[PDB]
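Residue numbers (the deposited numbering), protein chains in the order written: chain AD, 2 to 443; chain BH, 2 to 443; chain 2Z, 5 to 52; chain BG, 2 to 431; chain AC, 2 to 431; chain 2T, 243 to 290.
Working notes, structure below.
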Amino acid sequence: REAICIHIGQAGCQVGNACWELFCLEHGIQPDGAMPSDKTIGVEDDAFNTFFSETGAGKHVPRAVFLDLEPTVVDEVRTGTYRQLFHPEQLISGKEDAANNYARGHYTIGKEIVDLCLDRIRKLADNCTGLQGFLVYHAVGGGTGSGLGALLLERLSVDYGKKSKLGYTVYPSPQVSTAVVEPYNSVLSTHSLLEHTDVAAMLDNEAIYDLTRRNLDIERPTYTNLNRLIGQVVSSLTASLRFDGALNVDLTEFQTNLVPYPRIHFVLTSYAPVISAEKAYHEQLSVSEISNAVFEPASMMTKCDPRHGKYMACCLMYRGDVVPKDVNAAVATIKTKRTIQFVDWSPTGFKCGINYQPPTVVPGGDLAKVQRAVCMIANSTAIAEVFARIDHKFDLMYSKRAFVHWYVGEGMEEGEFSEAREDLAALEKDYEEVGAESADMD
Amino acid sequence: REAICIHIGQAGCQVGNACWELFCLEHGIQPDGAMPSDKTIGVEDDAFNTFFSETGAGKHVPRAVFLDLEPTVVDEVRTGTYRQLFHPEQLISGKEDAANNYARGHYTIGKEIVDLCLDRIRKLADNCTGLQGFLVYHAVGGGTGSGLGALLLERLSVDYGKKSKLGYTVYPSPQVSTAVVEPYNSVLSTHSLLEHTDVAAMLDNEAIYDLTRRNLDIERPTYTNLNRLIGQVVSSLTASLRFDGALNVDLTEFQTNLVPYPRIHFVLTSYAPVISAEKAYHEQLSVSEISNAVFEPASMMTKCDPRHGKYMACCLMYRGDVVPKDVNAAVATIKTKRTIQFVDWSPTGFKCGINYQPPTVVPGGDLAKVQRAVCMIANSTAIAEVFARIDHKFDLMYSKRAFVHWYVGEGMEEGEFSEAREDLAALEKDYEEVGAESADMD
Amino acid sequence: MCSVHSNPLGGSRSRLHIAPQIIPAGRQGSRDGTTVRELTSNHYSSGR
Amino acid sequence: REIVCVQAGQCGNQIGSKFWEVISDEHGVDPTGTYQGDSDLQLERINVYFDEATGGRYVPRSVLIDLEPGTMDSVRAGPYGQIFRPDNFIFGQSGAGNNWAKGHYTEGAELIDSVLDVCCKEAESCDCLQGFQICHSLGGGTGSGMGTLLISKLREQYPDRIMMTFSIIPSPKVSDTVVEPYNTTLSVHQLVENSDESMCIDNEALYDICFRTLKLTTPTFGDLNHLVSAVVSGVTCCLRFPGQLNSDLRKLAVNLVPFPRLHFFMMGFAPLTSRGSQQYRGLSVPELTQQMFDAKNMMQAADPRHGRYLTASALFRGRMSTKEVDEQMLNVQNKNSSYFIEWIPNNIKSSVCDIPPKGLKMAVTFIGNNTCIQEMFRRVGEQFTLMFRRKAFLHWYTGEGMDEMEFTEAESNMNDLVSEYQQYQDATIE
Amino acid sequence: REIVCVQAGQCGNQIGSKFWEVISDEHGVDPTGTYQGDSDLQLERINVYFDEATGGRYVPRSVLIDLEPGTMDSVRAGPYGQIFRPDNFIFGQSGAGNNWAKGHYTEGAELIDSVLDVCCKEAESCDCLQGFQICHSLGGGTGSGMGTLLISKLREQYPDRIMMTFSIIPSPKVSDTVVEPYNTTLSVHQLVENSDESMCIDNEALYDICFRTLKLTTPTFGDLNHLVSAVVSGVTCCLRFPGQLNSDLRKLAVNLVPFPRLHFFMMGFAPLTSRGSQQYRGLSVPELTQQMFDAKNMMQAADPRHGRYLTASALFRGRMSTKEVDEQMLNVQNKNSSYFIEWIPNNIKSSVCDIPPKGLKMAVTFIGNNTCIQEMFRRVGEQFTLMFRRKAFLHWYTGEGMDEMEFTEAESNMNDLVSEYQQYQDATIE
Amino acid sequence: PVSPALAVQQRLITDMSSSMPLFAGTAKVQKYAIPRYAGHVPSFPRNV
Ligand SMILES: Nc1nc2c(ncn2[C@@H]2O[C@H](COP(=O)(O)OP(=O)(O)OP(=O)(O)O)[C@@H](O)[C@H]2O)c(=O)[nH]1
Ligand SMILES: Nc1nc2c(ncn2[C@@H]2O[C@H](COP(=O)(O)OP(=O)(O)OP(=O)(O)O)[C@@H](O)[C@H]2O)c(=O)[nH]1
Ligand SMILES: Nc1nc2c(ncn2[C@@H]2O[C@H](COP(=O)(O)OP(=O)(O)O)[C@@H](O)[C@H]2O)c(=O)[nH]1
Ligand SMILES: Nc1nc2c(ncn2[C@@H]2O[C@H](COP(=O)(O)OP(=O)(O)O)[C@@H](O)[C@H]2O)c(=O)[nH]1
Ligand SMILES: [Mg+2]
Ligand SMILES: [Mg+2]
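If you want it as structure tokens, here you go:
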């Protein structure tokens, strides 16, 4: 039933604004937390409970924290339109940023802020009766997102233990780039994140830019569009908790079905009817068409080509007016295709979910309104190509110690670079070994 | 049941406009794709399905793609009257033309655009359940028609395999000409077309001009008249799929009946009651007179004289109020004539079709309204004269390599000219050998 | 404006429909009243 | 004694539709399936062609097969189409391509198992099964290939019963299809081994019947299919009504076939006469016998004057004296004695049935076994030999998979059948 | 002679709700619990499934168990949900996670004492206890693991009664869960030791039933669960109504199981037919018998034509002659004699009950013991061997605590079950 | 008061967008042509 959201740094807070806008509009909570008197129900219902709690006077308040080291974005939330929705104590802000240094966030500055965050998360977890996981939003390219996200996940993993923690992560794009030191921060983040997360979903801004140029007709996209798409994805994945359906899906079954070996937990995400309003009325959108679409690389939100690898598991979430027989026929048709390949040790490759609530349309939004949608999370060996280019850029800079004095001044041993680079080398070798066919039957 | 239309270049798109205006007017679809809301016939018959698919809101959309390298013609379609009929993705346009170079279309420029075309054709073919062929419209005299027609038919022939491909093709007229380099493009086109087409329909602009001068009384014809006549012919051949009748003819029956040997697939087309409104009320129009008409040389839409050859097979399509006894009496009367000769290895020379739907009248049109019509497609050795004249013009130009430096600079080996010229010479020898009359008595 | 969704394919809880003025795109599925108890119990559909 | 009908291809389904119209009319069954007849004699043999469904209804025991549902949709849309059982309509998704090899080998084997399953379900419900009845054309593609395939399967599964076929064969004049000789030769090769008795109809003979005898100004396929439905419904009349000298399909086979390969017969129906003239001349057995032997009333292009009768049978419907029947058949055999094969002492079998078709006082259907059928097979073999020497369209059939040896075998078998007919025609006794 | 029902997991609770709808309808029980029936035949055996609460009411002897209350909240909101006793709903606070080891070992041992306490309270209240009835899926997590845990405890506590299960098993074409082979293998290992009779259903077979026989355009899980509830309520009909030849679950077991390991059966229910076709065919014992053996009407993907029947049972409901039943079962055994194991002189048991379900004149449910079940187990064992060689997802199960030796034992036991079916298939008299 | 007509549905979502000034000079804002248009479209209100 309940889930707690943790938003870290700039990308995570900005994506949080779009997420909570969407969750409000789907349940019908006004921006000030008061349910309108007209939104009546024939019978008493609980679906909001996943994301909101009531104080008893009937105000709604959400199960989230906003964490940042710079004030500006949180002060923007405090002075914006949603001022009354959040509890003011929940919005925690420091004095100064981690300046693109993982070392500054992890060692110097986050060490002061981390205990307030832990006290807030404890205060949330005490007001629950069926907590079933954490959702975390951050980017690994910047300093505070990497360093404080790792430190906070470590503390959560010791205090709460077995409870599942699912991360949504913005990785450095393969040729669009924003800062010079991105490879170092992403490697050092990924080293800590490897041990202390159950599934990690990867996003690249270049893919969402391509998707908004190609499918939508947007020449000049901006971060609000990307954040609204991410919010739609999160709403699709969490819809299985909130509404009636034929095949529900709890967050622990994702971890059980998608992860074959404990290090092999990085997954690809895609969404089918990303379409504009003018195109949407010229075409039918049957189950088999959107099922064929999600396997095409034109549907993906991460810049990787799955034709260069093998699938291990797929999880397909259908929401809206869909009937199971068409899902079964579609998956059997996908299985027939010759350009889609599964590793021979994974014969039962698919997980299905079916929910009756169709995707919501947001007034300022750019997606059309549609009766059905499907969302996919999938595990594939193609991801090894994504790590190899980051490792190559790391090797290029590190061969000459290009920036290391900043990291060493803020508290880090030089040895930590070599350890992380060796761990990522071992992850590459794991992806080489898992994909090798077993044919020694004699 | 279903057929997919592919329109390439300028002639093929302009003929496509006439085709889809006509097919709309026969079914009754408004230019915006919506069925008339005040029409209550109740028998919502399936006949549209051959050419249209439904979105579900009751809009109609057509099974076609428009392919061009220059924007202007597709922008004319985008800004015209039929804007709402086509899906915008279906209308594909490049940046720059193939500049009358087959080599430019095939090697340099079409190679970038071709993958979008294949993705659209796949998206159409996936939304079918009894696809029974492709209809292709292009001219072989121009650069994009030659280069993209060859490249696209080759790719379609590998990917789709056994599915039939029927082309309607505008060839360079025997003395009317539009560009200097027409012989080179026609030779290079015909080399590819030999391997990768199931039936080829032959057209010459001089014949349709002569037909519009002699039967209609038009001194100053323009392309809209020719394109409306071509659209009527295509509607006559595809009418057998769409309406009830006494003797139906499936598209595979054409290939079985018309093609004796796998290279001898180039066919002549003619149409009988092409008549003006003022003449139409002075004459009865019985079956036997129009059957005699389709065999008169004043009726053909290709500039060839059938008195210089022998027929191998004829396919006669009757539409409208016709009775089988009149068809049988007419065919027996034709068979009696001494100036009509069939090869001695083809004793049962005729195929018949009889359809109940009379030809449609177009509001701006110039043809009269008539209760019956007949359309003929026939295989005859006379076609060898058209190739001989193209090859002679090629030999005159090729003796000095008159323009070849453009083609070699734009990417083609000089050797390809000699190969193609030898292949068309072999096609001439095939038509010489098949027309041999031999005595097995020996 | 908001309304309440119907439950044609199952379910028992009410669902919220947001902005009914915007007409959804895509094809609506084919539906009929033919169910499995109408077939396995109503043999008296015709009183011949 | 119940018959199961199979209708194959466009020609077969349309003639079958007209046949079920004629039979449903004769037993007074409404198109809703309700009995509305006016005599117990109609009800007492309804089981022969109809099965009884619950609460009054009757359903016709027929299987319809085609490769595109266009014909199936046309017959289901017809005025009596509703009577047919929905589960009995079998169709595919792609055509025969007018190609025998496609219809027999590629799309045939895919659907054929479902047709045999339906035919067995229908056959095993009968308390005692009589022969099967199949209507198809030999010149087509799915008609020829799947008709002969189904005949082979039913002959393997029910070898002790009767196999009856009504078949349309290409006219020498009406060329409706270019590849007619191949399909005809392969189909006759299958039929002469598999069939027990096969009836052949030329469209040209029906056209000449309509224009000369009935003087119709503008005939249509409804008239030709009505004439065919009349003879088809007439041959079985003695199976399902009383009479002074009953007859049966097996008794017809035993009296008409001297040797097992000589089982191809001509058909005729006598009281065809225009509505204006009929008031001036009453029906009588001399008049019926005169129309019965006039070649104008025979449904084949071959003329009896070029051959000899081995055997013939006449089935009379109506209230009439047996004496007139006996003396007419004796007088016709004695007066035209040169055209009857002399080593059989009496060539004509007669049968009398009490119930005539509605609106006629009397009627007879005539079935004749005459050697002139050899001229038709010779014509088909000629067109095949002209076409085969030049490999005129063979690549389509070879692309489906046929070995060329099949064409030479089928040609050889047809040539031996023509030779055997000619040998018994010109035999003599010294 | 009263049965106690247990419903476990999502599939089990959903099928159970529909089953109790069907049973409450058959005995005329209002959703308030008041008896409103219209014949004494309904009342005189109401005790079999219901207990009587004070002032009129009846309560159904069923225990509902699940690890997350979502399903229970859905069933409680349904139209009949109120009838269930509040104390009979047992639930935890976190899901099974689709993991057998979690469902069996961690939350299983936490909840199991309260379910056993409720089951004992219900059992010791009976004056004479008949077998238990359990509904669950084998591919899931809490259904398979906790269902088999509870089955083991009840078999320890009541070893002299019968234990009967209805079970849903993974389709051959598409998986709903990635780790299905492990959960299925471990559950079959538990069942083959503990169970007396186990029934198996493929969701693919129900889809093919709906599409081919009923021609439904848009079937839903409600239809599949209605078919299952129909067979489940049909098997017990002879326990609770009069008839000419009474039968009982123990009598079924004695006639169906030749050897104690061979207890896995196929199910079918006959008068399935589409609303368009129903006007065309009346019900009769030959029609039901012909449809009953058609593999189209069987609720598993394996087809009888690849195996042989050891034994079969047919339970008929309705007013009918015994002569038609015995002679039909003889004729079917004689005509298909190669498909019946020859060292048993008669393979089919029949039973006849006077009272059909409302609105049907007659019905039969079919239970079959056929060797083709070996193909399903072989397929599951293949998928297990592919997954197990690579330790594909094993760390979850080992982290809960399972030894790999359990996996090797379960694989060996399934392989021996397949071998035993194959050995009895190819046995001979010699 | 949104009408259920097709064109109103096609352009209603575009009209309410929060990034209207950033669409100037593109093919979306030209109401007289279908999207992915190729010809010139002005970017100043006097020309528009
Ligand atoms: N999709 C998306 N990406 C963003 C957004 N904001 C920043 N990014 C990307 O994330 C990376 C920058 O990470 P930041 O979030 O700015 O780093 P930070 O958490 O602020 O860390 P500090 O700079 O030390 O405060 C770059 O690749 C940006 O393109 C956003 O709102 N949406
Ligand atoms: N019937 C008809 N013929 C046309 C039409 N337009 C051009 N042609 C003929 O087709 C040939 C020219 O081919 P084009 O279509 O112009 O070549 P293209 O496809 O535009 O190729 P590019 O020049 O490289 O763009 C000449 O013989 C013209 O007479 C037309 O609209 N109708
Ligand atoms: N008498 C009659 N002949 C027909 C009819 N329809 C088609 N034919 C003839 O049958 C032949 C065509 O065979 P067809 O039925 O099309 O073969 P199919 O394609 O296998 O079904 C030609 O000789 C047609 O003239 C009909 O309704 N009545
Ligand atoms: N027939 C039927 N099958 C179901 C239903 N619900 C789930 N299933 C199937 O059961 C399997 C999933 O098992 P599940 O009940 O979710 O296991 P659980 O998580 O332990 O409760 C899949 O094969 C589903 O297709 C239902 O209502 N009816
Ligand atoms: Mg920052
Ligand atoms: Mg051009």
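Even for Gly, the Cβ is constructed at its ideal location relative to N, Cα and C.
Beta-carbon spacing of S241 (chain AD), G354 (chain AD) below 8 Å: Mapped onto the first sequence, residue 241 (chain AD) falls at position 240. Mapped onto the first sequence, residue 354 (chain AD) falls at position 353. Contact flag set, yes.
9 Å Cβ cut-off: residues of chain BH touching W397 (chain BG): Within the fourth sequence, residue 397 (chain BG) is the residue found at index 396, counting from 1. Ordered by position in chain BH, the residues that pass the 9 Å Cβ test against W397 (chain BG) are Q256, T257 and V260.
Positions along the segment 32–43 of chain 2Z whose CB lies within less than 9 Å of some CB in chain 2T: none
As assigned by DSSP and simplified to three states, the class of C136 (chain BG): Taking the first residue of the fourth sequence as 1, we reach residue 136 (chain BG) at position 135. Three-state DSSP puts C136 (chain BG) in a strand.
Local conformation of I42 (chain BH) per DSSP, three classes: Within the second sequence, numbered from 1, the residue matching residue 42 (chain BH) stands at position 41. Three-state result, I42 (chain BH): coil.
Contact residues within the segment 68–93 of chain BG, judged by C-beta distance below 8 Å to chain AC: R86, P87 and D88
Where the alpha helix (DSSP H) through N18 (chain BH) begins and ends: Taking the second sequence and counting its residues from 1, one reaches residue 18 (chain BH) at position 17. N18 (chain BH) -> alpha helix (DSSP H) spans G10 to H28.
Enclosing beta strand (DSSP E) for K304 (chain BH) [first to last residue]: Taking the first residue of the second sequence as position 1, residue 304 (chain BH) is located at position 303. Unbroken run through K304 (chain BH): none, as it is neither H nor E.
CB contact flag (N204 (chain BG), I169 (chain BG), <8 Å): Taking the first residue of the fourth sequence as position 1, residue 204 (chain BG) is located at position 203. Taking the first residue of the fourth sequence as position 1, residue 169 (chain BG) is located at position 168. Contact: yes.
Cutoff 8 Å: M258 (chain 2T) Cβ touching any chain AD Cβ: As a position in the sixth sequence, residue 258 (chain 2T) is number 16, starting the count at 1. Cβ-Cβ to chain AD under 8 Å: yes for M258 (chain 2T).
First through last residue of the alpha helix (DSSP H) which encompasses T186 (chain AC): Counted from its first residue, the fifth sequence places residue 186 (chain AC) at position 185. Run containing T186 (chain AC): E181 to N195, per the alpha helix (DSSP H) assignment.
Per-residue DSSP class, three states only, for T219 (chain AC): Within the fifth sequence, residue 219 (chain AC) is the residue found at index 218, counting from 1. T219 (chain AC) falls in the coil class under three-state DSSP.
For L130 (chain BG), the residue or residues it bridges with in DSSP: For the purposes of this step, residue 130 (chain BG) is taken as residue 129 along the fourth sequence, with counting starting at 1. Paired residue(s): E3 (chain BG).
For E113 (chain BH) and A19 (chain AD), the rounded distance between their alpha carbons: Here residue 19 (chain AD) is taken as the residue at index 18 of the first sequence, counted from 1. Here residue 113 (chain BH) is taken as the residue at index 112 of the second sequence, counted from 1. Distance between the alpha carbons of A19 (chain AD) and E113 (chain BH): 38 Å.
Within 8 Å, strictly: CB atoms of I5 (chain AD) and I122 (chain AD): By one-based count along the first sequence, residue 5 (chain AD) stands at place 4. By one-based count along the first sequence, residue 122 (chain AD) stands at place 121. Cβ distance < 8 Å, so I5 (chain AD) and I122 (chain AD) count as in contact.
Beta-carbon proximity check, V119 (chain BG) vs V64 (chain BG), cutoff 8 Å: Reading the fourth sequence from its first residue, position 118 is the one you call residue 119 (chain BG). Reading the fourth sequence from its first residue, position 63 is the one you call residue 64 (chain BG). Result yes, Cβ atoms of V119 (chain BG) and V64 (chain BG) sit closer than 8 Å.
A247 (chain AD) versus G144 (chain AC), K336 (chain AC), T72 (chain AC) and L387 (chain AC), residue with shortest Cα-Cα distance: In the first sequence, residue 247 (chain AD) corresponds to position 246, counting from 1. Checking every option, the nearest Cα to that of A247 (chain AD) belongs to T72 (chain AC).
Closer than 7 Å at the beta carbon, the chain AD residues around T221 (chain AC): In the fifth sequence, the residue the question calls residue 221 (chain AC) occupies position 220. Going along chain AD in sequence order, the residues near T221 (chain AC) (Cβ under 7 Å) are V324.
CB contact below 8 Å: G57 (chain BH) versus chain 2Z: Position 56 of the second sequence, counted from the start, is the residue given in the question as residue 57 (chain BH). Closer than 8 Å: yes.
Beta-carbon gap between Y103 (chain AD) and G13 (chain AD) smaller than 8 Å: Working through the first sequence from its first residue, we reach residue 103 (chain AD) at position 102. Working through the first sequence from its first residue, we reach residue 13 (chain AD) at position 12. Contact flag unset, no.
Contact set between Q251 (chain 2T) and chain 2Z, taken where Cβ atoms lie within less than 9 Å: Your numbering for residue 251 (chain 2T) matches position 9 in the sixth sequence. Result: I26, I27 and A29.
Proximity test, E183 (chain AD) beta-carbon vs ligand 5 heavy atom, cut-off 7 Å: Indexing the first sequence from 1 puts residue 183 (chain AD) at position 182. Every heavy atom of ligand 5 is 7 Å or more from the Cβ of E183 (chain AD), so no.
Where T312 (chain AC) falls: helix, strand or coil (DSSP): Residue mapping note: residue 312 (chain AC) aligns to position 311 of the fifth sequence, counting from 1. DSSP places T312 (chain AC) in strand when its eight states are reduced to three.
CB contact below 8 Å: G366 (chain AD) versus chain 2T: Start at 1 with the first residue of the first sequence, and residue 366 (chain AD) comes out as number 365. By this cut-off, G366 (chain AD) is an interface position.
Among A333 (chain AD), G57 (chain AD) and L189 (chain AD), nearest to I391 (chain AD) - alpha-carbon criterion: Within the first sequence, numbered from 1, the residue matching residue 391 (chain AD) stands at position 390. Cα-wise, what sits closest to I391 (chain AD) is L189 (chain AD).
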